[PDB]
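For reference, the chain that follows is the form deposited in one PDB entry, supplied as structure tokens.
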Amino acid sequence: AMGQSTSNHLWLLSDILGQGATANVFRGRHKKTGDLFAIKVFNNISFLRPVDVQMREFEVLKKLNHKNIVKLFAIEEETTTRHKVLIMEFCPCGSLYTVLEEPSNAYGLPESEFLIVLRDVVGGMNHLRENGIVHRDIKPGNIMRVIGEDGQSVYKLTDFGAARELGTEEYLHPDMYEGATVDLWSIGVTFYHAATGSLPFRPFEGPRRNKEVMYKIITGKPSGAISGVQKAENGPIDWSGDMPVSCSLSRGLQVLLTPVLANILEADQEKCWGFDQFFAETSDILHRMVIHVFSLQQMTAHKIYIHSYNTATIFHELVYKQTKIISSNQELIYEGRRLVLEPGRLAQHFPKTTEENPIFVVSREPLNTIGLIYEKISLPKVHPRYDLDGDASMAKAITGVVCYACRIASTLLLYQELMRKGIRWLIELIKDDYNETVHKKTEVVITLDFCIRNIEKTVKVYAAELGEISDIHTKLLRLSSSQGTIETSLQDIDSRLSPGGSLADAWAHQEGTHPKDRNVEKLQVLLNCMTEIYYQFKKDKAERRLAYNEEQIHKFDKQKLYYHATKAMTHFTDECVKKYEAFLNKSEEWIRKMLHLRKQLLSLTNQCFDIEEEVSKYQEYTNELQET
């Protein structure tokens, strides 16, 4: 229907993207070119109208250009109203707030996506700081997303510098609710929200007329606690200086991210960081690369963040911080071959590793098997009330839980398939140690046997030495005999290394789950059915009221969403989880049987080397006879 216009651009007010206090932005096009731009039509601008200062202000912001900041192309005045309109580049993909509405990120964004936002936000925020311009109000609803040429998102800043001539309540700083840290506060709240999927400080009901408690939480924040939430009405505050279990981030990343947030989330400027320390420590985190490590004994995958110029000694040490294995017993395997790392080798030249093909870590010393430990979350109660707004929030919650369950279920299958290979490779590598012990033993055996005969023949070729010649002769059979006693014990190990030898991995090819089971794809089918219903309830919430037929289909759909969820989690716990714990139970035992075999065969190999010294002495010594 009706739609406003300008000299160069036009748009209909139906296509609405954002409703701000001073303005409204809609989806618009250029009057020749037809390209999309965001139209900021200023509403109620007369008592201001500083065509004096804002002219110069917006002209300055126009040429201000960077890849991580929304570009202001032009400022025009409307035809029908003489209103001033900023025309900016259109971000097709929404804001960070829109992505956090997605249930897949209800418990936090993917680790990779978190690094993109973090990198872009700081760089954009840093570009305005070099110009002195500073924001304070940075919020996911104010951080837009577009898709870059490489396909991965690029985040930009967009509605800053609007606080001089005339913070989100949840992202406000304690003293400003009623410098250096006051900047950094809303960003840390943003970063906690992108990693966890929820806000740091939460009263029980929430941000309403009982919001005085919230302010006490912020003002009562002890130490380097990054979060504080009361789980009951008017109850105590559960404080924590670490991140939750539902966090999709790797544990190695949390160790570096935690100090940043603890130091950038505190009201006192005495003990809190500046933009320089902040830019330094996070930029420190982004330049490090990731090397994927799977501890095969304990079944835990790891992401070690290292600078490319760091050595392999701190690498073993940092690995000790996550697997707690001392560097000298840590043994690496890669692409099924053992891997030798010099203590001073740089990380740039490490082999290329992924989570589906990492560097395995094995230890001779026993280690407990932990597995993936994630937080068990059940479904919430579905009320029969028709509150569409309530039905929408409940849809995001219940669908996000199954998203979490489906990611873990996808992680558990990865762990098993990874366990299965690392086990199959390990035995062929330890048998190579077995291929090598008889190996090196054959050098001793024929030299020894013939050596005894030369001494056993010289008695025929030719009282004093004859009595001991026999005695050395007894000892040479004492050792040829012991060469004979261990020889029997190594073929016994060979019977177990053989298929069906009580060490085979056939158990691993049976108990757990496989991609052939297709258990993860099955849950995404039901989970997709649920999200469209979710995005539909938002669409019904936007109407505020629905016609009759649609309200009853909405009541039909809201009930199938519960039935879908129960169907998936039941398939999750009764098939995927249980068959995983059974694969984990038989996993600790087989390593015990493998590490036991590795220590005995170990000894037999040194006993064979133990013996080599004895035949190296009799090799010479007695043939070492001196004579004119």
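Residues carry their position along the shown sequence, with the first being 1. Throughout, rigid core stands for the largest set of C-alpha atoms superposing within 1.5 Å between the two forms.
Keep in mind that the form deposited in another entry is missing from the display, and what follows is about it.
Q: Given a rigid core superposition of the two forms, which one of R518, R208, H383, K324 has its CA shift by 2 angstroms or more between the shown form and the other one?
A: Only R208 moves by 2 Å or more at its C-alpha.
Q: State yes or no: after fitting on the rigid core, is the Cα displacement of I611 between the shown form and the other one at least 2 Å?
A: No, the C-alpha position differs by under 2 Å between the shown form and the other one.
Q: Honestly, after the rigid core fit, is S14 moving at least 2 Å at Cα between the shown form and the other one?
A: No, because once the rigid core is superposed, the C-alpha of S14 moves less than 2 Å between the shown form and the other one.
Q: Where do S186 and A21 end up in the other entry, Cα atoms closer or farther than shown, with a change of 3 Å or more?
A: Relative to this form, farther apart in the other entry.
Q: In the other entry, the Cα separation between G20 and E113 changes by 3 Å or more relative to the shown form; did it shrink or grow?
A: Relative to the shown form, the pair is farther apart.
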